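# Coordinate analysis (summary)
Each chain, written out:
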Amino acid sequence: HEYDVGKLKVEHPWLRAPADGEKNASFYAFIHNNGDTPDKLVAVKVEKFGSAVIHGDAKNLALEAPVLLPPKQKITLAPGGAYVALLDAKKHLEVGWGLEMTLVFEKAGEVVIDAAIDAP
């Protein structure tokens, strides 16, 4: 539920598994930058979805943009704010079994996580 990469920490990643009809999902998490230099989340790789698109700018969630990670701050990806859209689900997801995902940061590199799939 916590992942350290460089001076970053990915904390409690999760997503609401799609409803029986939907094909897309939304990925959420806390990302800490505990270092003195900025970073950004630039891409996400997920085998069980067709693609992942980062909407990192909370002022304009339509824009495809990386999540900026200012030094010594926690950034929140959450419903109604910055998030990652997971597009075109290949397989069906089930509550309890996490979703394996690779987060790519501009400077800290790649990290493999298991996102919690939550019942609601």
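Residues numbered from 1 in each chain as written, not as in the entry; some residues may be left out. Heavy atoms only, no water.

Method of determination, as given in the entry header: X-ray crystallography; reported resolution: 1.8510 Å.

In this fold, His55 is placed in strand β5 (residues 49-55). There is a polar contact of 3.1 Å between the side chain of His55 and the backbone oxygen of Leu61. Here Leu63 takes part through its backbone oxygen, which lies 3.1 Å from a polar atom of the side chain of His55. (Helix = DSSP H or I, 4+ residues; strand = E, 2+ residues; numbered from the N terminus. Polar contact = N/O pair within 3.5 Å; in protein donor to acceptor, adjacent residues only side chain to side chain.)

Walk down a regular strand and you will see the side chains alternate between the two sheet faces. Of the pairings in the sheet, the one linking strand β1 (residues 2-5) to strand β2 (residues 8-16) comprises 4 bridges and is antiparallel in character. Within β2, the residue paired with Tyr3 across the bridge is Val10. As paired strands, β2 and strand β3 (residues 25-33) are joined by 6 bridges and run antiparallel to one another. Bridging across to β3, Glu11 finds its partner in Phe30. (Pairing = 2+ DSSP bridges.)

This part takes up the packing of aromatic side chains. Tallied over the full model, the rule gives 1 aromatic pair. In this arrangement the basic side chain of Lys74 is found over the ring face of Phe30, its NZ or CZ atom lying 3.7 Å from the centre. (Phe/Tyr/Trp six-rings, centres within 6.5 Å; stacked < 30°, edge-to-face > 60°. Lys NZ or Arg CZ within 6 Å of the ring centre and 35° of its normal.)

Attention now goes to the environment of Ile54. Within the secondary structure, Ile54 is located in strand β5. According to the relative accessible area criterion, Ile54 is buried, its value standing at 6%. A sequence separation of 44 residues divides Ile54 from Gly98, and the C-alpha atoms of the two residues are 20 Å apart. When residues no more than four places from it in sequence are discounted, the contact partners of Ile54 are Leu41, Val42, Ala43, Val44, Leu63, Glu64, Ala65, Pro66, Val67, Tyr83 and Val84. (Buried < 20%, exposed > 50% of the residue type's maximum accessible area, 1.4 Å probe, protein only. Contact = heavy atoms within 4.5 Å.)

A word on unusual backbone geometry. Even without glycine at this site, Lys72 takes up a positive phi of about 60°. Inspection of the secondary structure assignment puts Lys72 in the loop between β6 (67-69) and β7 (73-77). For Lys72, a relative accessible area of 61% corresponds to the exposed category. At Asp88, a residue that is not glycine, the phi angle is positive and equals roughly 65°. Locating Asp88 in the fold gives a position in strand β8 (residues 83-89).

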